[PDB]
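Next come structure tokens for two forms of one protein chain, structure 1 first, structure 2 second.
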Structure 1
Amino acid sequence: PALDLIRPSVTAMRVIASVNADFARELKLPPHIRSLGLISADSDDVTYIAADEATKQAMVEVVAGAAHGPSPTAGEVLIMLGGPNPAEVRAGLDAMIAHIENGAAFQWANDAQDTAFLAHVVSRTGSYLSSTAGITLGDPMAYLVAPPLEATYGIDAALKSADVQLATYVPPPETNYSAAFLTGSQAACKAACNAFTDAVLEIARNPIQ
């Protein structure tokens, strides 16, 4: 039913202990990045949040305008974690696995379960999400995802309900899911997530008034 969690899955995982030199150049890896962790999953934004969380928990970095939406996805969502040795890379992958299976999650917008949404607060951003313009390393953030009409209406509602700012905005392309990042205090990001959720549920209930 409405507000029940969707739980994604990890589809494949491998570690490259020592990247080939020619491949390292083509990937433009920094000299300190020797090893590479590869993980694929069937959800877009939950994987992205898990990746950012890994950057705080291990000595790894990820090697905005991407695909967004819940599981199952059309294909593989791949993240490449780069690190100084295979142990740090494995620590990063373990953090990602843990957060994909028991971290942020999409929810159903209605009882029919034809529409989903994500409304999640990242209390402290790592190096991946803070790469976006307007998001500072360590600051909190509201991560909002919905179908484009619901997203637009919800974003407007969130900005009106809470003391938050739109970090950056790129409008929807035909797409199935669009995302938005809001910035402000931790409590204000929570209020924005609650207001975003109410707007999405309202439209999912009665899409044509």
Structure 2
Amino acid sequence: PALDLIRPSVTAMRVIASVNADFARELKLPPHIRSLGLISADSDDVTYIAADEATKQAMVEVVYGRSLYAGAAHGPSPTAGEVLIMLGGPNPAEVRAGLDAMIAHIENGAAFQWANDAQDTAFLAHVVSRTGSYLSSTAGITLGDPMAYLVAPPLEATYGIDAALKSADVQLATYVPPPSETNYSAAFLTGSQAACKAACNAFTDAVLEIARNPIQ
């Protein structure tokens, strides 16, 4: 039913203890990063948040992060999900700690929710109370500060973003207009933590409203 959590899952994972020199150059890895952890999951935004959480729980940084066209439900294989994260580290131990943190946060952390009882529409309104290096890489987001991670289908997202910015003391840090590779739209809002929560609640109310009466 509406507001129930969609539980994402890790679909594939591997650790490259020592990345090949040639491939390392093509990947433009810093000198210190010669160990690489690969992970794929069926939910892109939840995974992006987990990767960022990983850069707080270990000596890792995101080397690569991209989502798939049309999402997991139209993926080329079960191992693909709709994302691939490559975490880089100085050694296999740090990489595994990072990956462990990613697994924990993909299975029991930030999660999309059903916008309706029909369960054909999904959205994400999540507060990252303390951003790590990854999310703070984005222009407008400072390392350690909080943020609201808002994701929804094109129209729900546009309406909801406007509705969030009017509900709390927050600023638009990054706006990803529709479509993303997955055909969703996304926004990263900044400000106080309590304010970000507020924004998330207003976002949710907007998406649910459209879910109930999509055409007024």
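Quick note, the numbers are simply positions in structure 1, starting from 1. In this text, the rigid core denotes the largest set of C-alpha atoms whose superposition between the two forms falls within 1.5 Å. Only residues modelled in both forms are compared.
The first of the two standalone chains is derived from the form described as "open form" in its entry title. Superposed on the rigid core, the two forms differ between structure 1 and structure 2 by 2 Å or more at the C-alpha of one listed residue only; from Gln107, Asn110, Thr73, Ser130 that residue is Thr73. Fit the two forms on the rigid core and the C-alpha of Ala188 turns out 0.3 Å off between structure 1 and structure 2. After superposition on the rigid core, residues whose Cα atoms move by 2 Å or more in runs of at least three fall at 64-76, 168-171, 174-176 between structure 1 and structure 2.
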